[PDB]
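Descriptive structure summary
Each chain is listed here by its residues.
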Number of protein chains: 2
Amino acid sequence: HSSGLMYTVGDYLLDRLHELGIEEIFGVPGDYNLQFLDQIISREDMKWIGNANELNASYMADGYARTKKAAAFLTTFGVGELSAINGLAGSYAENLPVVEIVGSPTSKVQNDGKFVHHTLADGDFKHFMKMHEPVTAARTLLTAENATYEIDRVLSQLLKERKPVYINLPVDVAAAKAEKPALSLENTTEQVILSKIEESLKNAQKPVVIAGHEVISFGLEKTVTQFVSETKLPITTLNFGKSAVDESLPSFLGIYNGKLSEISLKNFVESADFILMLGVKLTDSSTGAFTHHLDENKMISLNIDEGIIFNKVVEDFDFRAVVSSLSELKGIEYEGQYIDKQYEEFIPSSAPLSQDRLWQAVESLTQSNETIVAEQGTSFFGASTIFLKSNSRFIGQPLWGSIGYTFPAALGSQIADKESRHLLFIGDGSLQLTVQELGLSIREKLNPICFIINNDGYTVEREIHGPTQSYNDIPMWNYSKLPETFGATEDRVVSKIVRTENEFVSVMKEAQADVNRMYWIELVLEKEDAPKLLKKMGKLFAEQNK
Amino acid sequence: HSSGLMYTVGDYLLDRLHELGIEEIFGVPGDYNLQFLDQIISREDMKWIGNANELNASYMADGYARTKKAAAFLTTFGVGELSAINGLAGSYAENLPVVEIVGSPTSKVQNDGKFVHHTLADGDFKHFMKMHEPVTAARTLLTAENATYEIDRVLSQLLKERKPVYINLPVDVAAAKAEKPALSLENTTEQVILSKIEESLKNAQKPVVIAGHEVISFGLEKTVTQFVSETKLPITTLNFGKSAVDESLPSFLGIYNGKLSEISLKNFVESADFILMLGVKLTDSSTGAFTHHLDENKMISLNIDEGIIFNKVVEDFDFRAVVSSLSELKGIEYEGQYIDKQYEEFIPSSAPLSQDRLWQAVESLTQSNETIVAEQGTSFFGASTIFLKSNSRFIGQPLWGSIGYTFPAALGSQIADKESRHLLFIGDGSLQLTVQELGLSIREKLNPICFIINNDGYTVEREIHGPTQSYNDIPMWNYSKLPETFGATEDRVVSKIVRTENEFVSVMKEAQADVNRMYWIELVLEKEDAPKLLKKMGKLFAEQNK
Ligand SMILES: Cc1ncc(C[n+]2csc(CCOP(=O)(O)OP(=O)(O)O)c2C)c(N)n1
Ligand SMILES: Cc1ncc(C[n+]2csc(CCOP(=O)(O)OP(=O)(O)O)c2C)c(N)n1
Ligand SMILES: [Mg+2]
Ligand SMILES: [Mg+2]
């Protein structure tokens, strides 16, 4: 005790999760996990945060992982885990270190092949773990005898790859005896790679660094930011991995998005005589539909799974090790110019809100130490090109792209870092998939600033195909009235409807000033209105499907 | 004259769905399915009914299948299909004929291994179909060259087993040329079975029939009802398959649920000298936690996959064929007694609503031509033992048991049969998983009667374990205000809060009398209050988890 005044498998697991920095566990109870839940409740250093549904729990855990750099959620066998599998798939796709723990029937029930609830009534308790094979780095069915080694095996894999892992925990196994862990869970080619990077950087007249999502996966953002700061090297990111570095840096160019990039940025990146890519993956939504021009012959790329050193593929290295050794490199100093930064100002008028002006306003009015979360749709494509201020972060999901993700994810990330004010931009159509976590936000007294873009349906879809087709319409809810209906009082959530630029600036400033309440702001915009980037990208998506 | 002088694969699929009796398709759009969606919208013989999310779509299609006897829903590759997989799993477990169509990228994009949205950025477009293997009777990734062959193969499997099937439809393949279908979608073992059943019923002094969920799967309820009506044979069902026969039959005994059965029913079933089981599976929730006593030595059981004739296993037979020939059997009339019908007139008072009184009232007030839908929790436990009136049906999901299922499922079933008044009983905890389909119910102008049991959290869980544990609490929404907030007007949805027995009788009668609006009724019950059946199963589950 600070004042100076049987251990089980459940305790072992929770101890290991604590070691990973996890302070909150998400999910949904079921009879197959209640005993383990008791253990979570009893922890002084860990809080149960129950969700309305499992899909939302999985999304929330993903957002938490993006910020905390590890996460866990708990589901029940079959119905819980299968509800959550799309969330876990997104965590696999975008490489987030999420542990799913699945409570399962007792070892005896499983061995007896009983036709119990949440099964296919065939006596087989292994189907659902098999179904997770493509979306997990490691998976285990625990037994009393295997539990400590298996837990350590799968969580060690979480540490190695920062991809999701899966632990099936039978009821009787969680209560089984265990011994406390004795030890914590925590170079030639790597030195050759570093030497070639050093040589290349010092000989380059116009180097450029491109940072991506795998930097975020490993919590290497501050490391890369420090490296770029010290060396003055020009740096860009894709929108997949936005905020992999601090965007306030004088050498940060903007977001490279293939032919849809700002022209000076495009020209700079594509004329660089050496390119260092750190944790980047080139996807349709992050390359202007594969219209990038990045010359492999002038490139060293480093990824979790492999590196390419001027076309020579290598696999025998640790990504984290190499990236963290970059500031061992001395004497690198870029002495050239970057690109002209446009002056950021927003003066509101009484005009109705438009998409392009909205994102100009958000860019101006966003502060340091904030996290911007932006949903697939007009929100992602608008918010993705805003220059973030110092110590600010971004969460977007351009590879997996599962609409609805951002609402629970924003809440999870907000819980992970309560000192970073979260601003959520989510469309009406996307909010409808995951709205029920409003209850959690109220109960947990979270204070994010949430902007709901009511444009009367699926505007991004209208831009790709069928602008006046009925399937792009959705039932219109009274979005501003949701918090009240879900149990919020005025001292917890402030709700607003905003139609004009003046109203937007007033409410945004009001929200930013008032750090002790959540803001729920319904923005009204025209269905035909799309930000410039999406007007272009919509047609490229359409072309990709021809 | 005085002088003497483009049908496509998408069309083919939709024509086949029409053949199955499907008039509505559920789901959620995405760029990979929008062009196929145009084809649905253009159909005169079926309607697109867009959902808020895909999990709910899959639930809705399941409910539709239970009543319509076939169903389909449409998702987008990766994100849509994985969101829906828990619903499809439930359709597999409880054997409902649901077709999931997944719109996927063009074959060129798939063949090139492009890192496109809704993938793991590994160029592999086959992971998600593989993940469906354990929960689908058949599956296909269509090509232009195999499309009609594969559609017919998988839909023929749906007709054979009445289990869910899966069709991945690439954008370019749906638009590919096709020819209209040339053929329509379509022994001694069976004679021996029928002869042995006939013989056994002739020799029995006290036969009992047990009908189960596979009767519902094949749309054989009327067939079984007719057979039982003609022969006067005693019949029971489990709660798994409730309404597999019409419960208004003179020879219908009630629900057999192991040692939790009503005593005279239990005694009758367990002393029967011959047992004929039709489409039954014995599961924990449907056997009083495996406390049934059904002697295989006195039993012929018929299932879709298997028959057991006095311990002798048979496979080579058509379940539907055999059941449909039962009325051809001769000399099998039952001339004995059944069990006594207890009667008490329900007399309401001003007393606050309690669980056992609630279900007493519902039994007294339920009418012919209704479908009762009951969610896992106190609703299922209470509602499952109500005697249904003539031409009335029941939907519950005791094997898969995915809470939230029943709200979209009730709406889907209600769309499937507009002439059966659906009464939904769903708990507060469960409604929170799937509440967003309230928008669809308003748009489609459905008129179900919905009862939301507000008992301030997960009462069934409190009965299993941890009655005062915080994980059994949920954020309390203002449930009665949901329709207004989701855009309903008073000409569409009537919302009420009900606290007393008098209020309940008044509102239920009011609801039943007003066929032209939807009713949204918040029932207030105490968290500690459980129906008498649950006061028993609560413990049995707890024991099962020891
Ligand atoms: C789970 C899931 N279902 C469907 C899609 C396809 N999809 C992408 S964007 C989009 C529309 C989003 O609309 P909204 O949130 O209203 O954004 P807007 O463009 O109108 O601002 C849809 C349906 C998806 N990406 N994920
Ligand atoms: C998808 C899913 N998650 C979790 C469970 C476990 N579970 C079974 S019943 C139940 C509680 C349902 O509570 P409620 O709907 O409020 O019913 P009641 O209070 O009337 O018992 C839970 C969480 C489940 N069956 N399915
Ligand atoms: Mg919208
Ligand atoms: Mg409840």
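The subject of this paragraph is the overall build of chain A. If you tally the helices and strands in chain A, you get 22 helices and 19 strands. Its C-alpha radius of gyration of 24 Å places chain A within 12% of the 24 Å reference for a compact globule of 546 residues. Taken across its 546 residues, chain A has 67% of its residues classed as buried. Counting only carbon and sulfur atoms, one obtains 48% of the accessible surface of chain A, whose full area is about 19000 Å². Within chain A, the 75 negative side-chain charges are centred at a point lying 2 Å from the centre of the 51 positive side-chain charges.

Attention now moves to the site of ligand 2. Close to ligand 2 lie 21 residues, the nearest being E54(A), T378(B), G401(B), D428(B) and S430(B). Those chains with residues close to ligand 2 are chains A and B. In this structure, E54(A) approaches ligand 2 through a side-chain N or O atom, which is 2.7 Å from a nitrogen atom. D428(B) places a side-chain nitrogen or oxygen 2.8 Å from an oxygen atom of ligand 2. Isolated, ligand 2 exposes 610 Å² of accessible area, and the fraction of that covered by the protein chains is 97%.

Turning next to the interface of chain B and chain A. Listed as interface residues are 82 residues of chain B and, on the opposing side, 82 residues of chain A. For the pair chain B and chain A, the summed buried area comes to about 6700 Å², and 62% of that belongs to carbon and sulfur atoms. The interface formed by chain B and chain A contains 0 salt bridges. In this assembly, chain B and chain A are joined by 30 residue pairs in polar contact. The element best represented in the side of chain B that touches chain A is helix α4 (residues 79-93) of chain B, accounting for 8 residues. Across the side of chain B that touches chain A, the residue classes tally to 43 nonpolar, 28 polar and 11 charged.

A separate point is the coordination of the magnesium ion (ligand 4). Residue and element names in this part refer to chain B. The magnesium ion (ligand 4) binds to the protein through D428 (OD), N455 (OD1) and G457 (O), with metal-donor distances spanning 2.0 to 2.2 Å. Mapped onto the polypeptide sequence, the residues donating to the magnesium ion (ligand 4) form the spacing pattern D-x26-N-x1-G. Among the residues examined, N455 registers a relative accessible area of 3% and is labelled buried. We classify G457 as buried; its relative accessible area is 4%.

Looking now at the packing of aromatic side chains. Evaluated as defined, the whole model comprises 34 aromatic pairs over all chains. Where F425(B) meets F451(B), the ring centres are 4.7 Å apart and the plane angle is 5°; that geometry is what we call stacked. Remark: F451(B) occurs in strand β17 (residues 449-454) and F425(B) occurs in strand β16 (residues 421-427); sequence separation between them is 26 residues. The pair formed by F425(B) and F451(B) is uniform in burial state, with each residue classed as buried. The structure contains a cluster of three or more aromatic residues connected by ring pairs, namely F77(A), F125(A), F128(A) and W400(B). Geometry around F394(A) places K242(A) over its ring, the cationic atom sitting 5.6 Å from the centre.

All names here are of chain A. Summarizing the sequence annotation, UniProt attributes the feature "binding site: Mg(2+)" (unreviewed entry) to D428, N455 and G457 in the numbering used throughout. Sequence-wise these annotated residues cover 30 residues; spatially they are packed, their C-alpha atoms never more than 7.1 Å apart. Along the chain, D428 falls in helix α17 (residues 428-434). The class for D428 is buried, based on a relative accessible area of 2%. The contact partners of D428, leaving out residues within four places of it in the chain, are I452, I453, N454, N455, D456, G457, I474 and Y479. Topologically, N455 is positioned in the loop between β17 (449-454) and α19 (459-464). With residues up to four places along the chain from it excluded, the contact list for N455 reads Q355, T378, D428, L525, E526 and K527.

Before going further, it helps to spend a moment on the site of ligand 1. Taken together, 20 residues lie near ligand 1, and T378(A), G401(A), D428(A), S430(A) and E54(B) sit nearest. With respect to ligand 1, its neighbouring residues span chains A and B. A distance of 2.7 Å separates an oxygen atom of ligand 1 from a polar side-chain atom of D428(A). Within the side chain of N455(A), a nitrogen or oxygen atom sits 3.1 Å from an oxygen atom of ligand 1. For ligand 1, whose unbound accessible area comes to 600 Å², protein coverage reaches 97%. Taken together, the elements giving at least two residues each to the shell around ligand 1 come down to α17 and α19 of chain A.

On to the sheet that holds strand β6 (residues 165-170) of chain B. Residues and elements named next belong to chain B. Judged by pairing direction, the sheet is parallel, and its 6 strands sit side by side in the order β2-β1-β3-β4-β6-β5 without closing on themselves. Across the chains shown, the open sheet's two edge strands, defined by having one partner strand only, are β2 (47-50) and β5 (138-141). On average, each strand axis in the sheet is inclined to that of its neighbour by 20°, with strand direction left out of account. Seen against the sheet, helix α3 (residues 54-68) touches β1 (24-27), β3 (71-76) and β4 (98-104) and runs at an angle of roughly 170° to β3.

Time to look at the packing of helix α14 (residues 355-365) of chain B against helix α21 (residues 501-513) of chain B. Residues and elements named next belong to chain B. At a minimum axis distance of 11 Å, the contact between α14 and α21 shows a crossing angle of 30°. With respect to α21, the axis of α14 lies roughly parallel. You can see that α14 and α21 cross each other, and the crossing is right-handed. Judged by residue contacts, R357, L358, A361, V362 and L365 of α14 engage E501, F504, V505, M508, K509 and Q512 from α21. Taken together, the residues of the contact of α14 with α21 break down into 7 nonpolar, 1 polar and 3 charged.

Looking now at the coordination of the magnesium ion (ligand 3). Residue and element names in this part refer to chain A. Within the protein, the atoms that donate to the magnesium ion (ligand 3) are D428 (OD), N455 (OD1) and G457 (O), at distances of 2.0 to 2.1 Å. Sequence spacing of the donor residues for the magnesium ion (ligand 3), all on one chain, is D-x26-N-x1-G. Of the two residues, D428 is situated in helix α17 and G457 in the loop between β17 and α19; the sequence distance between them amounts to 29 residues. No difference in accessibility class separates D428 from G457, as the two residues are buried.

This paragraph deals with the sheet that holds β16(B). All names here are of chain B. Pairing is parallel across the open sheet formed by 6 strands, whose spatial order is β15-β14-β16-β17-β19-β18. Unpaired on one side and paired on the other, β15 (393-395) and β18 (493-498) mark the two borders of the sheet. Across the sheet, the mean angle separating the axes of adjacent strands is 15° when strand polarity is ignored. Against the sheet, α14 makes contact with β16, β17 and β19 (518-524), and its axis sits at roughly 170° relative to β17, the strand it touches most. Lying over the sheet, helix α16 (residues 406-416) contacts β14 (370-374), β15, β16 and β19, oriented at roughly 175° with respect to β16.

In this section: the nonpolar core. Counting residues in hydrophobic clusters, the biggest one holds 143 residues, and the most contacted among them are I197(A), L278(A), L302(A), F319(A), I197(B), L302(B) and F319(B). The element that contributes the greatest number of residues to this core is helix α4 (residues 79-93) of chain A, accounting for 6 residues. Excluding anything up to four places from it in sequence, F319(B) contacts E214(B), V215(B), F218(B), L220(B), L278(B), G279(B), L302(B), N303(B) and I304(B). Counting residues in each nonpolar core, the second largest holds 138 residues, with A71(A), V435(A), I464(B) and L540(B) among its members.

Okay, the environment of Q355(A) next. All names here are of chain A. As for its position among the elements, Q355 is in helix α14 (residues 355-365). A relative accessible area of 0% means that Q355 is categorised as buried. Residues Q355 and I453 lie 98 residues apart in sequence; the distance between their C-alpha atoms is 9.8 Å.

Let us now look at the relation of the copies chain B and chain A. Once chain B has been moved 0.0 Å along the axis and rotated by 180°, it coincides with chain A to within an RMSD of 2.8 Å. Here the transformation between the copies is reduced to the relation of a two-fold axis. Among all residues of chain B, the one whose C-alpha sits closest to the rotation axis is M131(B), at a distance of 2.5 Å. Comparing interface residues between copies, 100% of those in chain B also sit at the interface in chain A, which points to an isologous, same-surface contact.

Attention now moves to the pairing of β6(B). All names here are of chain B. Across the 6 residues that make up β6, a large majority, 6, are buried. Where burial is concerned, the two faces of β6 agree: the one with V165, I167 and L169 and the one with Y166, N168 and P170 are both buried. Both β4 and β6 contribute to a ladder of 6 bridges, which runs parallel. Across the sheet, the residue bridging to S104 is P170, located in β6. By the bridge criterion, 4 bridges tie β5 to β6 in an arrangement that is parallel. Within β6, the residue paired with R139 across the bridge is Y166. Each parallel crossover has a hand, and the one from β5 via helix α7 (residues 147-161) to β6 is right-handed.

Parameters at a glance
Residues numbered from 1 in each chain as written, not as in the entry; some residues may be left out. Chains lettered and ligands numbered in written order. Heavy atoms only, no water. Helix = DSSP H or I, 4+ residues; strand = E, 2+ residues; numbered from the N terminus. Rg over C-alpha atoms; globule rule 2.2 N^0.38 Å. Buried < 20%, exposed > 50% of the residue type's maximum accessible area, 1.4 Å probe, protein only. Areas by Shrake-Rupley, 256 points an atom, 1.4 Å probe, with all protein chains shown as cover. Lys, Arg positive; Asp, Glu negative; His and termini not counted. Charge placed at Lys NZ, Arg CZ, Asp CG, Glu CD. Near = heavy atom within 4 Å. Polar contact = N/O pair within 3.5 Å; in protein donor to acceptor, adjacent residues only side chain to side chain. Contact = heavy atoms within 4.5 Å. Buried area = accessible area lost by both parts, 1.4 Å probe. Salt bridge = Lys/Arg side-chain N within 4 Å of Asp/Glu carboxyl O. Nonpolar A, V, L, I, M, F, W, Y, C, P; charged D, E, K, R; others polar. Donors = N, O, S within 2.8 Å, 3.2 Å for Na, K, Ca; no water. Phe/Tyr/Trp six-rings, centres within 6.5 Å; stacked < 30°, edge-to-face > 60°. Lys NZ or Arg CZ within 6 Å of the ring centre and 35° of its normal. UniProt positions renumbered as here; feature names shortened; annotations may be inferred. Pairing = 2+ DSSP bridges. Axes fitted to C-alpha atoms, helices over the stretch in contact; angles between N-to-C directions. Parallel < 35°, antiparallel > 145°, perpendicular 65-115°, else oblique. Left-handed = near helix turned anticlockwise from the far one by under 90°. Core = buried A, V, L, I, M, F, W, Y, C linked by side-chain atoms within 4.5 Å. Least-squares fit on C-alpha atoms. Right-handed = clockwise from strand over helix to strand, strands pointing away.

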